């Protein structure tokens, strides 16, 4: 189609793989944080020793901050690799004198920076809920009066939803700013005639399709975070309604099972179909099977996934 068009698509798919991997890591870290919160609730049912509870609270705090600091590292690692991928792309584009190649690439760079800022916004909401969830346990173990216990639970409920609501604002801002980047670039292209302008419009539509999956990554993470935090508040509500702790321990067991089902619901999406979607995009640009398999391999698809994606195109004639 053009060596510069192939380079742009190669940047976009590689950037999508990066985002998939980052979303998997953020999901993992959220699974670890949840695993700690459930464990902390379970021990707060048992322990009454004042010296001991302060030690275990401190240790889950330090353990949480390590999880969060290492997830911040994956984001920053993804930023550096994003800048390398865009640099190999720019090395071919910047020196070619193609106004359309440079325009598309600026649209890819701006869009990828949005995705990273949105990933940071999500992680910050996960850290805030964790700190909230630790403080909630810490205050619940010292209180006995059911009114002050409930005041603390109602406060955790309110702050949780404020925290999650601002995370859902940031993703909605990432969405609206992604479309504005596209619509600006589209309007600039549509003034053109000629095969290079129509190719650029085509690449813009392929970009929009890939950005749709990048944004759904973040939505899937946020939905799992919200569902996990509803379990957490519901469990804190119940774990202060304990006479019988043997029943409190099994409400935790039930909460561990559903937490795993929620995390599982997110694992099953999260880029499962990216290798086929890219395969479809490349076929519409007229790639040969060898060219599609090279594109998927360089976009971090396994050999299982790439072979499956090309076999998938041929299994449905008319794609």
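Positions refer to the first chain, counted from 1.
Stretches 242-250 and 117-125 differ in mean C-alpha B factor, with the higher average recorded for 242-250. Remark: stretch with higher mean C-alpha B factor among 206-214 and 81-89 is 81-89. Per the PDB entry, 255 shows the highest C-alpha temperature factor of the residues 37, 288, 64, 255. Sorting 182, 221, 143, 164 by the CA temperature factor given in the entry leaves 143 at the top.
Among the modelled residues of its chain, residue 196 has a C-alpha B-factor that falls in the lowest third, as given in the PDB entry.
Looking at the C-alpha B-factors along this chain, the one for residue 302 belongs to the highest third. In this PDB entry, the Cα temperature factor of residue 106 sits in the bottom third of its chain's modelled residues, the lowest group.
Remark: residue 232 belongs to the middle third of its chain, ranked by C-alpha B-factor as recorded. In the PDB entry, a CA B factor belonging to the highest third of its chain's modelled residues is recorded for residue 46.
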